[PDB]
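Okay, so here's the structure we're looking at.
Only the coordinates and a few stated rules stand behind these numbers; no lab work does. Positions of Cβ are backbone-derived with ideal geometry, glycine not excepted, and every protein chain shown enters the neighbour counts.
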Amino acid sequence: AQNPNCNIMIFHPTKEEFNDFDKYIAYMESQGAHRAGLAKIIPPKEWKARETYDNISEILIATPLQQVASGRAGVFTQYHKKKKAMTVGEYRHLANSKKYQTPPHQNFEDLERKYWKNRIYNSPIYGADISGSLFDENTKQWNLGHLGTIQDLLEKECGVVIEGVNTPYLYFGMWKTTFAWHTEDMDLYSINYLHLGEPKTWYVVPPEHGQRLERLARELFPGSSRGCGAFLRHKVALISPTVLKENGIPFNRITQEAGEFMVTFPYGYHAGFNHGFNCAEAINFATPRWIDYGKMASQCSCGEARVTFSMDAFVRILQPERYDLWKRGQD
Ligand SMILES: O=C(O)CNC(=O)C(=O)O
Ligand SMILES: [Mg+2]
Ligand code: NI
Ligand SMILES: [Zn+2]
């Protein structure tokens with residue numbers, strides 16, 4: 001069995017290997033990459049996403065979100081307070097302001113220590129889930145707006161034609177902006193490209209051990225767990241690496257830098273934070289191997305999770321027994 005310790009693997013495809021996306025995901029899995037829940041892919045030196053990032057300042061962040069924490073430094077939740085619209089140029093100036101800018105630090109490990117010590121005492125503002133793309137239309141390799149759609153994959157594997165679309169999303173981050181512990185909708189894959197700016201640190205639990213994380217989370221967030229049997233789908237809970245180690249939870253960590261892709265695998269729980277002003281693009285995707293994970297994905301039906309239009313068909317076809325309860329949580 002490849003990668004039995006579930007380490008995060010890093011890949012360096014050649015320009016030829018970068019042509020066929022599906023084939024390279026299957027190759028990474030042949031080497032055991034999915035066992036980690038997360039892999040890094042460094043593009044060949046010949047590749048670029050677009051020519052420059054000099055002309056992005058007029059993109060609008062319609063609903064910036066202030067991430068307000070509650071709890072203790074290593075075990076906390078966050079809620080998202082809506083703020084007034086602002087452009088990417090305005091957001092970049094805000095991220096660089098004395099109130100929000102990255103502090104002086106020695107290296108990534110020092111900054112990680114500072115994050116976990118001090119995150120809860122600040123409320124950073126995040127631009128999230130902005131439909132759009134920064135890939136040039138002429139970039140033919142690993143262009144996250146030109147991937148095969150999840151609806152087409154389901155139709156190819158299972159024969160059922162369904163409604164829905166699958167488009168990318170942009171993220172604009174600052175120091176201490178935080179992504180809570182979660183798996184993807186319907187335990188899909190994700191891919192994330194860091195277009196520009198400062199790094200993103202990731203934490204991940206191997207898919208084979210995800211239920212260990214879920215059990216700790218029920219212990220640590222006992223009111224939330226009573227409220228909903230899949231409350232991690234709410235995407236509000238944080239647990240630090242120190243707390244995970246104290247509780248024996250298997251996990252790994254890695255820092256993504258600008259120009260690098262990350263792939264998350266089905267049922268790989270992940271969380272992380274941004275180092276300073278940055279912009280990422282991400283989308284969900286599927287392969288044949290996903291279908292069995294989609295069929296078994298937990299679901300939130302309490303009302304909190306609310307998700308895209310295109311999840312309806314996935315639940316309807318893959319999880320007909322759960323569909324009526326889930327749709328009620330949508331309504
Ligand atoms: O960068 C982010 O805020 C979130 N990214 C992910 O959870 C992802 O691509 O799956
Ligand atoms: Mg612009
Ligand atoms: Ni994710
Ligand atoms: Zn719920």
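List the strands (runs of 3 or more DSSP E) that sit entirely inside the range 218-322 and contain at least 1 residues that are of a type in the set (S, T, Y).
Correct list: 252-256, 261-264, 269-274.
Could you pull out the residue among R306, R322, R316, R289 that is basic (K, R) and under 30 Å from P64 (Cβ atoms)?
On inspection, the qualifying residue turns out to be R306.
Looking only at the range 158-181, filter to residues that are out of contact with any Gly (no Cβ under 8 Å at 6 or more places or on another chain) and farther than 16 Å from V315 by Cβ; which one of those is surrounded by the most Cβ atoms within 10 Å (Cβ to Cβ)?
Result: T177.
Tell me, which residue of the range 265-310 that is acidic (D, E) and touching a residue at least 12 places away in the same chain (Cβ under 8 Å) is farthest from ligand 2 (Cβ to nearest atom)?
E304
Outside any loop (DSSP other than H, G, I, E, B) and under 22 Å from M28 (Cβ atoms): is that true of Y193 in this structure?
yes
Restricting attention to the range 198-210, does a residue exist that is free of Cβ contacts under 8 Å to residues at least 12 places away in the same chain and within 21 Å of the chain's Cα centre (by Cα)?
Looking for residues that are free of Cβ contacts under 8 Å to residues at least 12 places away in the same chain and within 21 Å of the chain's Cα centre (by Cα), one finds none in the range 198-210, hence no.
Working only within the range 183-212, note down all residues that are closer than 25 Å to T149 by Cβ and either within 16 Å of ligand 2 (Cβ to nearest atom) or out of contact with any strand residue (DSSP E or B) (no Cβ under 7 Å at 6 or more places or on another chain) (or both).
Result: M186, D187, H195, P207.
Is it true that some residue in the range 247-268 is within 14 Å of ligand 3 (Cβ to nearest atom), at positive phi and either of a type outside the set (K, R) or out of contact with any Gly (no Cβ under 6 Å at 6 or more places or on another chain) (or both)?
yes
Go through the range 73-131 and give me each residue that's within 16 Å of ligand 2 (Cβ to nearest atom), among the aliphatic types (A, V, I, L, M) and closer than 14 Å to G173 by Cα.
Selection gives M86, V88, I130.
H34 passes all but one of (1) assigned to a loop (DSSP other than H, G, I, E, B); (2) within 16 Å of ligand 3 (Cβ to nearest atom); (3) not basic (K, R); which number fails?
(1)
Can you tell me how many residues in the range 236-252 are closer than 19 Å to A36 by Cα and in contact with a strand residue (DSSP E or B) (Cβ under 7 Å, 6 or more places away or on another chain)?
Residues in the range 236-252 being closer than 19 Å to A36 by Cα and in contact with a strand residue (DSSP E or B) (Cβ under 7 Å, 6 or more places away or on another chain): 6 in total.
Would you check if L170 is touching a strand residue (DSSP E or B) at 6+ places or on another chain (Cβ under 9 Å), in contact (Cβ under 8 Å) with a residue 60 or more places away in the chain and within 16 Å of ligand 2 (Cβ to nearest atom)?
In short, yes.
Being away from ligand 1 (no atom under 16 Å from the Cβ), in contact with a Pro (Cβ under 8 Å, 6 or more places away or on another chain) and under 17 Å from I191 (Cβ atoms) is the filter here; which residues of the range 18-36 pass it?
Across the range 18-36, the qualifying residues are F18, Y24.
If I filter the range 156-190 down to residues being among the small types (G, A, S) and within 11 Å of ligand 3 (Cβ to nearest atom), which single residue comes out as farthest from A73 (Cα to Cα)?
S190
Tell me which residues, restricted to the range 79-99, are in contact (Cβ under 8 Å) with a residue 40 or more places away in the chain, more than 16 Å from ligand 4 (Cβ to nearest atom) and not β-branched (V, I, T).
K81, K83, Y91, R92, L94, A95, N96
For residues that are among the basic types (K, R), within 14 Å of ligand 4 (Cβ to nearest atom) and more than 17 Å from the chain's Cα centre (by Cα), tally how many sit in the range 272-326.
The number of residues fulfilling the criteria is 1.
What residue, among those in the range 26-56 that are of a type in the set (G, A, S) and buried (at least 17 other Cβ atoms within 10 Å of the Cβ), is nearest to ligand 2 (Cβ to nearest atom)?
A49
Count, please, the residues in the range 272-310 that happen to be farther than 23 Å from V204 by Cβ and surrounded by fewer than 21 Cβ atoms within 10 Å (Cβ to Cβ).
Counting residues in the range 272-310 that are farther than 23 Å from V204 by Cβ and surrounded by fewer than 21 Cβ atoms within 10 Å (Cβ to Cβ) gives 8.
Which one of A62, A49, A39, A69 is more than 21 Å from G127 (Cβ to Cβ) and either more than 16 Å from ligand 1 (Cβ to nearest atom) or touching a residue at least 24 places away in the same chain (Cβ under 8 Å) (or both)?
Result: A39 is the single residue among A62, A49, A39, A69 that is more than 21 Å from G127 (Cβ to Cβ) and either more than 16 Å from ligand 1 (Cβ to nearest atom) or touching a residue at least 24 places away in the same chain (Cβ under 8 Å) (or both).
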